[PDB]
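Novice: Below is the file coords_17.cif, which contains mmCIF, C-alpha atoms and all ligand atoms; chains and numbers go by the auth columns.
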data_target
#
loop_
_atom_site.group_PDB
_atom_site.id
_atom_site.type_symbol
_atom_site.label_atom_id
_atom_site.label_comp_id
_atom_site.label_asym_id
_atom_site.label_seq_id
_atom_site.Cartn_x
_atom_site.Cartn_y
_atom_site.Cartn_z
_atom_site.B_iso_or_equiv
_atom_site.auth_seq_id
_atom_site.auth_asym_id
ATOM 1 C CA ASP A 1 -2.109 -37.394 -79.028 0.00 8 W
ATOM 2 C CA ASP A 2 -1.127 -34.731 -81.633 0.00 9 W
ATOM 3 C CA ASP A 3 0.046 -32.500 -78.730 0.00 10 W
ATOM 4 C CA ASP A 4 2.286 -35.237 -77.241 0.00 11 W
ATOM 5 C CA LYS A 5 3.809 -36.017 -80.677 0.00 12 W
ATOM 6 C CA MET A 6 4.800 -32.382 -81.257 0.00 13 W
ATOM 7 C CA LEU A 7 6.426 -32.164 -77.819 0.00 14 W
ATOM 8 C CA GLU A 8 8.315 -35.474 -78.358 0.00 15 W
ATOM 9 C CA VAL A 9 9.953 -33.921 -81.426 0.00 16 W
ATOM 10 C CA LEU A 10 10.715 -30.636 -79.611 0.00 17 W
ATOM 11 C CA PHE A 11 12.360 -32.370 -76.585 0.00 18 W
ATOM 12 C CA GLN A 12 14.198 -35.225 -78.355 0.00 19 W
ATOM 13 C CA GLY A 13 17.703 -33.864 -77.639 0.00 20 W
ATOM 14 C CA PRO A 14 20.145 -30.980 -78.213 0.00 21 W
ATOM 15 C CA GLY A 15 19.842 -29.210 -81.454 0.00 22 W
ATOM 16 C CA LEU A 16 18.588 -26.372 -83.515 0.00 23 W
ATOM 17 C CA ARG A 17 14.958 -25.334 -82.931 0.00 24 W
ATOM 18 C CA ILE A 18 12.649 -22.697 -84.421 0.00 25 W
ATOM 19 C CA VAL A 19 11.021 -20.127 -82.119 0.00 26 W
ATOM 20 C CA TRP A 20 8.379 -17.364 -82.417 0.00 27 W
ATOM 21 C CA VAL A 21 9.660 -13.977 -81.208 0.00 28 W
ATOM 22 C CA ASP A 22 7.480 -10.945 -80.782 0.00 29 W
ATOM 23 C CA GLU A 23 8.720 -7.393 -80.958 0.00 30 W
ATOM 24 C CA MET A 24 9.302 -7.235 -77.143 0.00 31 W
ATOM 25 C CA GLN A 25 10.781 -10.664 -76.476 0.00 32 W
ATOM 26 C CA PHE A 26 14.137 -9.295 -77.699 0.00 33 W
ATOM 27 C CA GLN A 27 13.990 -6.599 -74.952 0.00 34 W
ATOM 28 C CA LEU A 28 12.091 -8.727 -72.408 0.00 35 W
ATOM 29 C CA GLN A 29 13.176 -12.392 -72.321 0.00 36 W
ATOM 30 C CA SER A 30 10.133 -13.699 -70.335 0.00 37 W
ATOM 31 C CA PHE A 31 8.152 -15.657 -73.019 0.00 38 W
ATOM 32 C CA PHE A 32 9.677 -18.713 -74.749 0.00 39 W
ATOM 33 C CA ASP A 33 7.477 -19.721 -77.651 0.00 40 W
ATOM 34 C CA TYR A 34 8.797 -22.789 -79.485 0.00 41 W
ATOM 35 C CA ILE A 35 7.503 -23.711 -82.921 0.00 42 W
ATOM 36 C CA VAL A 36 6.276 -27.279 -82.549 0.00 43 W
ATOM 37 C CA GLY A 37 4.370 -27.620 -85.805 0.00 44 W
ATOM 38 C CA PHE A 38 3.422 -26.172 -89.142 0.00 45 W
ATOM 39 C CA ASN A 39 -0.117 -26.702 -90.443 0.00 46 W
ATOM 40 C CA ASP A 40 -0.830 -29.140 -87.522 0.00 47 W
ATOM 41 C CA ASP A 41 2.066 -31.532 -88.291 0.00 48 W
ATOM 42 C CA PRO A 42 5.246 -31.590 -86.190 0.00 49 W
ATOM 43 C CA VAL A 43 8.295 -29.708 -87.387 0.00 50 W
ATOM 44 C CA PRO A 44 10.321 -32.242 -89.430 0.00 51 W
ATOM 45 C CA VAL A 45 13.706 -32.768 -87.782 0.00 52 W
ATOM 46 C CA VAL A 46 16.915 -34.723 -88.677 0.00 53 W
ATOM 47 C CA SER A 47 18.826 -36.419 -85.794 0.00 54 W
ATOM 48 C CA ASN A 48 22.518 -37.006 -86.636 0.00 55 W
ATOM 49 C CA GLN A 49 24.973 -39.708 -85.537 0.00 56 W
ATOM 50 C CA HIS A 50 25.826 -37.815 -82.324 0.00 57 W
ATOM 51 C CA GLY A 51 22.258 -37.283 -81.097 0.00 58 W
ATOM 52 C CA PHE A 52 22.103 -33.628 -82.221 0.00 59 W
ATOM 53 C CA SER A 53 19.129 -32.521 -84.265 0.00 60 W
ATOM 54 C CA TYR A 54 18.334 -29.847 -86.822 0.00 61 W
ATOM 55 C CA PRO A 55 15.376 -29.085 -89.072 0.00 62 W
ATOM 56 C CA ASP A 56 14.652 -30.903 -92.342 0.00 63 W
ATOM 57 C CA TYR A 57 15.006 -27.653 -94.231 0.00 64 W
ATOM 58 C CA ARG A 58 14.099 -29.060 -97.684 0.00 65 W
ATOM 59 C CA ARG A 59 10.779 -30.370 -96.283 0.00 66 W
ATOM 60 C CA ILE A 60 10.144 -27.037 -94.529 0.00 67 W
ATOM 61 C CA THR A 61 10.896 -25.162 -97.754 0.00 68 W
ATOM 62 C CA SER A 62 8.177 -27.210 -99.455 0.00 69 W
ATOM 63 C CA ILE A 63 5.679 -26.542 -96.676 0.00 70 W
ATOM 64 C CA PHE A 64 6.311 -22.781 -96.829 0.00 71 W
ATOM 65 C CA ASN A 65 6.205 -22.694 -100.621 0.00 72 W
ATOM 66 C CA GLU A 66 2.841 -24.516 -100.623 0.00 73 W
ATOM 67 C CA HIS A 67 1.546 -21.494 -98.686 0.00 74 W
ATOM 68 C CA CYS A 68 3.033 -18.753 -100.922 0.00 75 W
ATOM 69 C CA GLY A 69 0.502 -15.928 -101.217 0.00 76 W
ATOM 70 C CA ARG A 70 -1.597 -17.110 -98.270 0.00 77 W
ATOM 71 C CA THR A 71 -1.410 -17.787 -94.533 0.00 78 W
ATOM 72 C CA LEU A 72 0.607 -20.496 -92.802 0.00 79 W
ATOM 73 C CA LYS A 73 -0.609 -21.776 -89.436 0.00 80 W
ATOM 74 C CA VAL A 74 2.265 -22.061 -86.970 0.00 81 W
ATOM 75 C CA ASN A 75 1.757 -24.313 -83.940 0.00 82 W
ATOM 76 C CA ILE A 76 3.361 -22.936 -80.801 0.00 83 W
ATOM 77 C CA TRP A 77 4.218 -24.374 -77.392 0.00 84 W
ATOM 78 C CA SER A 78 4.840 -21.714 -74.736 0.00 85 W
ATOM 79 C CA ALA A 79 7.610 -23.141 -72.504 0.00 86 W
ATOM 80 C CA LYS A 80 6.682 -21.302 -69.297 0.00 87 W
ATOM 81 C CA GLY A 81 2.896 -21.250 -69.654 0.00 88 W
ATOM 82 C CA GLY A 82 2.805 -24.869 -70.837 0.00 89 W
ATOM 83 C CA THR A 83 0.067 -24.062 -73.368 0.00 90 W
ATOM 84 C CA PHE A 84 -0.400 -24.535 -77.108 0.00 91 W
ATOM 85 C CA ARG A 85 -1.680 -21.836 -79.447 0.00 92 W
ATOM 86 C CA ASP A 86 -1.744 -21.114 -83.150 0.00 93 W
ATOM 87 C CA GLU A 87 -0.229 -18.092 -84.819 0.00 94 W
ATOM 88 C CA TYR A 88 -0.692 -17.121 -88.469 0.00 95 W
ATOM 89 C CA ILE A 89 1.901 -15.640 -90.785 0.00 96 W
ATOM 90 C CA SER A 90 1.617 -14.344 -94.340 0.00 97 W
ATOM 91 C CA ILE A 91 3.995 -16.149 -96.702 0.00 98 W
ATOM 92 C CA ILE A 92 5.112 -14.053 -99.688 0.00 99 W
HETATM 93 CL CL CL B . 2.122 -11.832 -90.983 0.00 101 W
#
The structure given in the file should be rewritten as structure tokens.
Ligand SMILES: [Cl-]
Specialist:
Amino acid sequence: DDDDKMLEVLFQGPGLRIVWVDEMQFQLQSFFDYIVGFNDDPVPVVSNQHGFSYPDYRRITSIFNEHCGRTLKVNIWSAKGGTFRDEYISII
């Protein structure tokens, strides 16, 4: 049920979300890769009084800074394919 939990957060309502964009998605809008987790935990998100959500940026700052000088695992949900995968990014 880790998959379901990440999607619950992603779909909870209107908001800001984080996405993964490759070099060609900007030219070719045919893949829609949402970030659903970092390091196998859901993206932490704040839901306001009006039902709009945005990331818990302080918590995300801490997650990224824990990975300074090494690789962060980014959990992706591809909207069209309906599949999960993991990408890896070097954090300076
Ligand atoms: Cl990288």
Novice: Do you have the CA of residue 74 (chain W)-CA of residue 45 (chain W) distance handy?
Specialist: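 So the two atoms, CA of residue 74 (chain W) and CA of residue 45 (chain W), lie 10.8 Å apart.
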Novice: The PyMOL selection byres (((chain W and resi 46) around 9) and not hetatm) - which residues does that actually catch in the file I just gave you? List them as a PyMOL selection string.
Specialist: chain W and resi 44-45+47-49+70+79-82
Novice: List, as a ChimeraX atom specification, every residue that the PyMOL selection byres (((not hetatm)) within 7 of (chain W and resi 101)) selects in the file provided.
Specialist: /W:95-97
Novice: Enumerate, as a short mmCIF file (atom, residue, chain, number, x, y, z; two decimals) with C-alpha atoms, in the coordinates of the input, the residues matched when the PyMOL selection byres (((chain W and resi 64-66) around 12) and not hetatm) is run on the file above.
Specialist:
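Final output, saved to result.cif:
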data_model
loop_
_atom_site.label_atom_id
_atom_site.label_comp_id
_atom_site.auth_asym_id
_atom_site.auth_seq_id
_atom_site.Cartn_x
_atom_site.Cartn_y
_atom_site.Cartn_z
CA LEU W 23 18.59 -26.37 -83.52
CA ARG W 24 14.96 -25.33 -82.93
CA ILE W 25 12.65 -22.70 -84.42
CA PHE W 45 3.42 -26.17 -89.14
CA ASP W 48 2.07 -31.53 -88.29
CA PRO W 49 5.25 -31.59 -86.19
CA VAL W 50 8.30 -29.71 -87.39
CA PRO W 51 10.32 -32.24 -89.43
CA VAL W 52 13.71 -32.77 -87.78
CA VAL W 53 16.92 -34.72 -88.68
CA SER W 60 19.13 -32.52 -84.26
CA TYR W 61 18.33 -29.85 -86.82
CA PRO W 62 15.38 -29.08 -89.07
CA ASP W 63 14.65 -30.90 -92.34
CA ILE W 67 10.14 -27.04 -94.53
CA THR W 68 10.90 -25.16 -97.75
CA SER W 69 8.18 -27.21 -99.46
CA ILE W 70 5.68 -26.54 -96.68
CA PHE W 71 6.31 -22.78 -96.83
CA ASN W 72 6.20 -22.69 -100.62
CA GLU W 73 2.84 -24.52 -100.62
#
Novice: I need the residue nearest residue 93 (chain W) from this list: W:36, W:56, W:16, W:41. Use only C-alpha atoms for the distance.
Specialist: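 Looking only at the distances to residue 93 (chain W), the closest residue turns out to be W:41.
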Novice: Quick one, how far is CA of residue 28 (chain W) from CA of residue 57 (chain W)?
Specialist: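 Answer for the CA of residue 28 (chain W) to CA of residue 57 (chain W) separation: 28.8 Å.
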Novice: With distances taken over only C-alpha atoms, which residue among W:85, W:78, W:90, W:54 lies nearest residue 20 (chain W)?
Specialist: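 Nearest candidate to residue 20 (chain W) out of W:85, W:78, W:90, W:54: W:54.
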